[PDB]
């Protein structure tokens, strides 16, 4: 494919994670000119809004081969909209590691990747650091990013074991 058209579902336009995720994605993808983003629209990090937007996108740009979604709720809506149109050929990519996307990936639906967050680890970290603090510790960074991992069809068994 000399050109590969795709669409992007943004999260809520006013929320910074929308743009940290989108700008992270585009910092790589844009250096490959065969990828052409032919549609870009918010679906408000929401499943049912993503269905309605993807539905509009599919009747406007049927030439797309992929849809990148700022979160998994949005990828799930895009999938249900693709299946309703018969567009089972479209590859969908998400972000969060939601159980429903994980199950869709391992069962071979058209969602093929997501980004795993570790919310249990960050909730436990806040508790562990509170404990350390009440025990006397005062040396903590204020801004604490917790890392993430790519989830694919090729490593999905690491995330369902």
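Residue numbers count along the first chain shown, from 1.
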Query raised in the report: Out of 104-112 and 126-134, which stretch has the higher average CA B-factor listed in the record?
Result: 104-112
Report task. Read off the CA B-factors in the entry, average them over 5-13 and over 138-146, and name the higher stretch. Result -> 5-13
Report task. Tell me which of 98, 121, 69, 60 tops the list for C-alpha B factor in the record. Result -> 60
Query raised in the report: Within this chain, which third does the Cα B-factor at residue 117 fall in: lowest, middle or highest?
Result: lowest
